[PDB]
Structures are given as structure tokens and as C-alpha cells.
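Undergrad: Once you've had a glance at the structure underneath, I'll fire off some questions.
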Amino acid sequence: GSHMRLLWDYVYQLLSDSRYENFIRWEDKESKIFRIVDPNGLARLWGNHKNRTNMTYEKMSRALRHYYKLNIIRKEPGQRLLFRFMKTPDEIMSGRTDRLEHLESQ
């Protein structure tokens with residue numbers, strides 16, 4: 001495509017498709033809540049998307065940790081790989097992940 005997906009932008013695509021629901025899945029689509037079902041598998045998707053060898057779940061979690069501050073994704077109380085989108089892409093693209101587009105290009 002012409003538009004590269006961010007890590008959070010990527011999970012959306014993975015979230016809505018079943019072939020990835022083993023790596024990640026909506027827990028509550030309309031609440032924008034998702035569980036990372038298999039982060040190891042999911043990160044290989046991430047590295048697959050960005051065409052990187054050294055892309056691990058650690059690398060993905062870095063992005064997530066950054067997304068929290070930038071009011072993108074949040075972390076729930078108690079669960080492991082559960083995450084809730086603080087905002088939706090339309091809202092997030094209002095400057096929050098503007099800088100992000102530049103680092104998540106690699």
C-alpha cells in the first residue's frame with residue numbers, strides 16, 4: 001500500500017482479521033479493547049510488515065509504552081497482554097502519533 005501502518009495501526013488490521021487472532025484479538029472491538037494472544041507471533045507480523053529481522057515483542061512493547069504517553073493505547077489493571085485503545089486512529093492521528101509515523105517507519 002501507500003500508507004504504512006504503525007504498530008497500533010497494524011494491530012487494528014490484525015485485530016479485524018481472524019488469521020491473526022492467534023497472535024492478537026479484539027476483546028472488545030467497540031470498546032477498542034484487544035488482547036495480544038501470541039505476542040511472539042504478533043511481533044513476527046510486525047517485523048513482517050516493516051520487513052525487519054530484529055523485530056521482537058520487546059520492540060513492539062516499546063511502541064506500546066510510547067503509545068500510552070501519546071494518548072493512543074492504554075494498559076489495563078491485572079491482565080497480561082490486554083490493551084485498550086485510549087483513542088481511535090482518527091483521534092490518534094490528530095498529532096498524537098504524528099511523531100510516531102517517523103520512528104515506526106523502521
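Note on naming: chains are A, B, ... as they come in the C-alpha cells, residues start from 1 per chain, ligands start from 1 in the order shown.
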Chain A: which residues are strand (DSSP E or B) by DSSP, as a short mmCIF file (atom, residue, chain, number, x, y, z; two decimals) with N, CA and C atoms, in the first residue's frame?

TA:
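Writing done, so here's selection.cif:
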data_model
loop_
_atom_site.label_atom_id
_atom_site.label_comp_id
_atom_site.auth_asym_id
_atom_site.auth_seq_id
_atom_site.Cartn_x
_atom_site.Cartn_y
_atom_site.Cartn_z
N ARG A 25 -6.12 -10.23 19.24
CA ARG A 25 -7.56 -10.28 19.01
C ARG A 25 -8.28 -9.18 19.76
N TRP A 26 -9.38 -8.71 19.21
CA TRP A 26 -10.27 -7.82 19.94
C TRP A 26 -10.91 -8.56 21.11
N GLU A 27 -10.79 -7.98 22.28
CA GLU A 27 -11.53 -8.44 23.44
C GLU A 27 -12.86 -7.71 23.48
N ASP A 28 -12.79 -6.44 23.10
CA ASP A 28 -13.97 -5.60 22.93
C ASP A 28 -13.71 -4.62 21.80
N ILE A 33 -10.79 -2.58 22.82
CA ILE A 33 -10.01 -3.40 23.72
C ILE A 33 -9.54 -4.64 22.99
N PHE A 34 -8.27 -4.95 23.11
CA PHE A 34 -7.72 -6.10 22.44
C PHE A 34 -6.73 -6.82 23.34
N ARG A 35 -6.60 -8.10 23.12
CA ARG A 35 -5.63 -8.92 23.81
C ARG A 35 -4.56 -9.35 22.82
N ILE A 73 -2.78 4.11 23.17
CA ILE A 73 -3.24 2.87 23.76
C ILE A 73 -3.02 2.95 25.26
N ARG A 74 -3.75 2.14 26.02
CA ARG A 74 -3.57 2.08 27.45
C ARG A 74 -3.41 0.64 27.89
N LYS A 75 -3.02 0.49 29.13
CA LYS A 75 -2.81 -0.81 29.72
C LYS A 75 -3.81 -1.02 30.84
N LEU A 82 -3.40 -7.54 27.66
CA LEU A 82 -4.62 -6.82 27.35
C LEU A 82 -4.29 -5.35 27.16
N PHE A 83 -4.84 -4.74 26.13
CA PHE A 83 -4.62 -3.34 25.87
C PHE A 83 -5.90 -2.71 25.36
N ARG A 84 -6.16 -1.49 25.78
CA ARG A 84 -7.32 -0.77 25.30
C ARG A 84 -6.87 0.50 24.61
N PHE A 85 -7.34 0.68 23.40
CA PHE A 85 -7.07 1.89 22.65
C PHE A 85 -7.73 3.08 23.34
#

Undergrad: Would you pick out the contacts of residue 72 (chain A) at 10 Å or less, using only C-alpha atoms, so that residues sharing its chain but fewer than 6 positions from it are not included, and give the list as a list in words?

TA: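 Close residues of residue 72 (chain A): residues 8, 64, 65, 66, 84, 85, 86, 87, 88, 89, 91, 92, 93, 96 and 97 of chain A.
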
Undergrad: Would you mind telling me which residue in A:40, A:61, A:2, A:48 lies nearest to residue 24 (chain A) when using only C-alpha atoms?

TA: A:40

Undergrad: For residue 103 (chain A), please output as a short mmCIF file (atom, residue, chain, number, x, y, z; two decimals) with N, CA, C and O atoms, in the first residue's frame all residues within 12 Å (counting only C-alpha atoms; exclusion window: fewer than 2 positions along the same chain).

TA:
data_model
loop_
_atom_site.label_atom_id
_atom_site.label_comp_id
_atom_site.auth_asym_id
_atom_site.auth_seq_id
_atom_site.Cartn_x
_atom_site.Cartn_y
_atom_site.Cartn_z
N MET A 4 1.76 3.28 5.34
CA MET A 4 2.34 2.32 6.25
C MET A 4 1.59 2.35 7.58
O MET A 4 1.21 3.41 8.07
N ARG A 5 1.32 1.17 8.12
CA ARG A 5 0.65 1.06 9.40
C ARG A 5 1.64 1.16 10.54
O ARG A 5 2.72 0.56 10.48
N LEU A 6 1.28 1.93 11.56
CA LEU A 6 2.05 1.99 12.79
C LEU A 6 1.90 0.69 13.53
O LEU A 6 1.18 -0.19 13.07
N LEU A 7 2.53 0.55 14.68
CA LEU A 7 2.38 -0.67 15.44
C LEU A 7 0.92 -0.81 15.87
O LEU A 7 0.30 -1.86 15.68
N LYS A 50 7.18 -4.48 8.64
CA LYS A 50 8.23 -3.49 8.49
C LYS A 50 9.47 -4.09 7.81
O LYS A 50 10.46 -3.40 7.56
N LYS A 59 10.37 -5.05 21.10
CA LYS A 59 10.33 -3.88 20.22
C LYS A 59 8.91 -3.35 20.10
O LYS A 59 8.69 -2.14 20.14
N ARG A 62 7.83 -1.58 23.27
CA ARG A 62 8.42 -0.24 23.31
C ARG A 62 7.43 0.76 22.74
O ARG A 62 7.10 1.77 23.36
N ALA A 63 6.98 0.44 21.53
CA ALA A 63 6.00 1.25 20.84
C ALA A 63 4.75 1.43 21.68
O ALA A 63 4.21 2.54 21.76
N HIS A 66 5.19 3.82 24.39
CA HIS A 66 5.20 5.16 23.85
C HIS A 66 3.78 5.61 23.53
O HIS A 66 3.42 6.77 23.74
N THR A 97 0.19 10.56 17.29
CA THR A 97 1.10 9.63 16.64
C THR A 97 1.73 10.27 15.40
O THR A 97 2.26 9.58 14.53
N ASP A 98 1.70 11.59 15.34
CA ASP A 98 2.32 12.33 14.25
C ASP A 98 3.82 12.09 14.23
O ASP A 98 4.40 11.77 13.20
N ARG A 99 4.44 12.21 15.39
CA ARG A 99 5.88 11.99 15.52
C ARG A 99 6.19 10.52 15.32
O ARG A 99 7.22 10.15 14.75
N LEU A 100 5.26 9.71 15.76
CA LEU A 100 5.38 8.27 15.75
C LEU A 100 5.58 7.70 14.36
O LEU A 100 6.36 6.77 14.16
N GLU A 101 4.85 8.27 13.41
CA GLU A 101 4.95 7.88 12.00
C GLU A 101 6.41 7.85 11.52
O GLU A 101 6.75 7.13 10.58
N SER A 105 8.77 3.88 11.19
CA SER A 105 8.98 3.66 9.77
C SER A 105 10.09 2.64 9.57
O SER A 105 10.29 2.10 8.48
N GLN A 106 10.82 2.39 10.65
CA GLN A 106 11.89 1.41 10.66
C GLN A 106 11.49 0.23 11.53
O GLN A 106 11.40 0.39 12.76
#

Undergrad: For the atom pair CA of residue 57 (chain A) and CA of residue 44 (chain A), what is the interatomic distance in Å to one decimal place?

TA: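 It comes out at 8.0 Å.
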
Undergrad: Using Å and a single decimal, report how far CA of residue 68 (chain A) sits from CA of residue 56 (chain A).

TA: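 CA of residue 68 (chain A) lies at a distance of 18.9 Å from CA of residue 56 (chain A).
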
Undergrad: Restricting the calculation to only C-alpha atoms: of A:90, A:21, A:104, A:76, which residue gets closest to residue 41 (chain A)?

TA: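 Selected residue with least distance to residue 41 (chain A): A:21.
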
Undergrad: Identify which of the residues A:45, A:11, A:60, A:70 lies closest to residue 32 (chain A), counting only C-alpha atoms when measuring atom-to-atom distances.

TA: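 Result for the nearest residue to residue 32 (chain A): A:11.
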
Undergrad: Which residue out of A:58, A:95, A:42, A:31 has the minimum interatomic distance to residue 19 (chain A) when only C-alpha atoms are used?

TA: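 Distance minimum relative to residue 19 (chain A) lands on A:42.
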
Undergrad: Quick one: distance from CA of residue 102 (chain A) to CA of residue 18 (chain A) in Å, one decimal?

TA: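 Computing the Euclidean distance for CA of residue 102 (chain A) and CA of residue 18 (chain A) yields 28.8 Å.
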
Undergrad: Smallest atom-to-atom distance to residue 43 (chain A): which of A:69, A:23, A:79, A:94, using only C-alpha atoms?

TA: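 Of all the options, A:23 lies closest to residue 43 (chain A).
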
Undergrad: Return as an MDAnalysis selection string the full set of residues in region 27-82 of chain A whose backbone-based DSSP assignment is alpha helix (DSSP H).

TA: chainID A and resid 39:50 57:69

Undergrad: Those same residues, written as a PDB file, in the first residue's frame with C-alpha atoms?

TA:
ATOM      1  CA  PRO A  39       2.970 -11.646  21.112  1.00  0.00           C
ATOM      2  CA  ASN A  40       5.801 -13.707  19.662  1.00  0.00           C
ATOM      3  CA  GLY A  41       3.656 -14.498  16.675  1.00  0.00           C
ATOM      4  CA  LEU A  42       2.389 -10.936  16.582  1.00  0.00           C
ATOM      5  CA  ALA A  43       5.814  -9.371  16.594  1.00  0.00           C
ATOM      6  CA  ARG A  44       6.829 -11.586  13.705  1.00  0.00           C
ATOM      7  CA  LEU A  45       3.876  -9.951  11.949  1.00  0.00           C
ATOM      8  CA  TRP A  46       5.273  -6.594  12.995  1.00  0.00           C
ATOM      9  CA  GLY A  47       8.697  -7.462  11.646  1.00  0.00           C
ATOM     10  CA  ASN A  48       6.999  -8.978   8.603  1.00  0.00           C
ATOM     11  CA  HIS A  49       5.186  -5.704   7.969  1.00  0.00           C
ATOM     12  CA  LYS A  50       8.235  -3.490   8.490  1.00  0.00           C
ATOM     13  CA  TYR A  57       7.666  -8.356  21.026  1.00  0.00           C
ATOM     14  CA  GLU A  58      10.041  -6.300  23.132  1.00  0.00           C
ATOM     15  CA  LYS A  59      10.333  -3.884  20.224  1.00  0.00           C
ATOM     16  CA  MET A  60       6.540  -3.893  19.901  1.00  0.00           C
ATOM     17  CA  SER A  61       6.074  -3.250  23.614  1.00  0.00           C
ATOM     18  CA  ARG A  62       8.417  -0.235  23.312  1.00  0.00           C
ATOM     19  CA  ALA A  63       5.997   1.249  20.836  1.00  0.00           C
ATOM     20  CA  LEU A  64       3.102   0.419  23.152  1.00  0.00           C
ATOM     21  CA  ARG A  65       4.806   2.114  26.073  1.00  0.00           C
ATOM     22  CA  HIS A  66       5.198   5.164  23.851  1.00  0.00           C
ATOM     23  CA  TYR A  67       1.577   4.949  22.710  1.00  0.00           C
ATOM     24  CA  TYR A  68       0.433   5.246  26.314  1.00  0.00           C
ATOM     25  CA  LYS A  69       2.003   8.671  26.823  1.00  0.00           C
TER      26      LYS A  69
END
